[PDB]
Every structure is written in structure tokens, then in C-alpha cells.
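Coming up is one lone chain in C-alpha cells, specifically the form deposited in one PDB entry.
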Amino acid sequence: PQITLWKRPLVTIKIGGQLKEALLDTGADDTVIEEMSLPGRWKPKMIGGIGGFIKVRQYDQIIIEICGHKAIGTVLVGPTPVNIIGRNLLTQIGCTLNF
């Protein structure tokens, strides 16, 4: 699709069999998703502030569907106030900025 920027680029994603709303965020390196159940192994990471503040679970090789386009990548799962789709997944779906 082509997504205009007059409103926040919030889209429906499908991840772990669940539908969620997420922000397509070219300013974010990484993808962070609210607490949820995901299968497979994960490793603990520390994010936010100076050198980590909040504990999240890093899941690799997670498939996320974004407007009918599947992306595969690393997702950090924890108590984030907003689900963020960052560049690590935007590149996977071939997303570009255009003007």
C-alpha cells in the first residue's frame, strides 16, 4: 500500500495469531510489542533510558503480517505503551519513504 502521513501511521498487524495496532516508525531501529504470548526461545534484554531500564524478551524469527505483507524478524516483547514497528521489520516488507 501507500500510507499517507496526515494521521499517525497506525496499522493492524498480526503476530502470534493475534491482531494488534502498531505504529510504523522510521525513527525506531527496532520493533517493540506489548506483553503477549509467543512460542519458542527468547533471551532477556534491557532497553530504554541510559543503558537499559526495562526488561523485555527478545524473540527471533517471528513472523508479523503488516497490511497483507509478511515480515520476519526480531521482536522485543514487554510493557511498552505503544507497539512500534521499527526499521528492522520495515526493511523486511520493502517499506520506503517517498516524496
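Numbering starts at 1 and runs along the sequence shown. Only residues modelled in both forms are compared. Each form is matched to the other, and the largest set of C-alpha atoms that superpose within 1.5 Å is called the rigid core.
A second form of this protein, the form deposited in another entry, is not displayed here; the remarks below concern that form.
Residue 69: Cα shift of 2 Å or greater between this form and the one not shown (core-aligned): No, shifts by less than 2 Å.
Core-superposed C-alpha of residue 38 shifting 2 Å or more between this form and the one not shown: No, residue 38 moves less than 2 Å.
Yes/no, residue 28 Cα shift of 2 Å or more between this form and the one not shown with rigid core fixed: Result for residue 28: no, shift under 2 Å.
Sense of CA distance change between residue 51 and residue 61 in the other entry, threshold 3 Å: Farther apart in the other entry, by 3 Å or more.
Pairwise C-alpha change, residue 29 versus residue 49, in the other entry against this form - closer or farther, 3 angstroms or more: Relative to the displayed form, residue 29 and residue 49 draw closer in the other entry - a change of at least 3 Å between their C-alphas.
Once both forms are overlaid on the core, stretches between this form and the one not shown of 3 or more residues with C-alpha shifts of 2 Å or more: Residues 44-55 form the single run that moves by 2 Å or more between this form and the one not shown.
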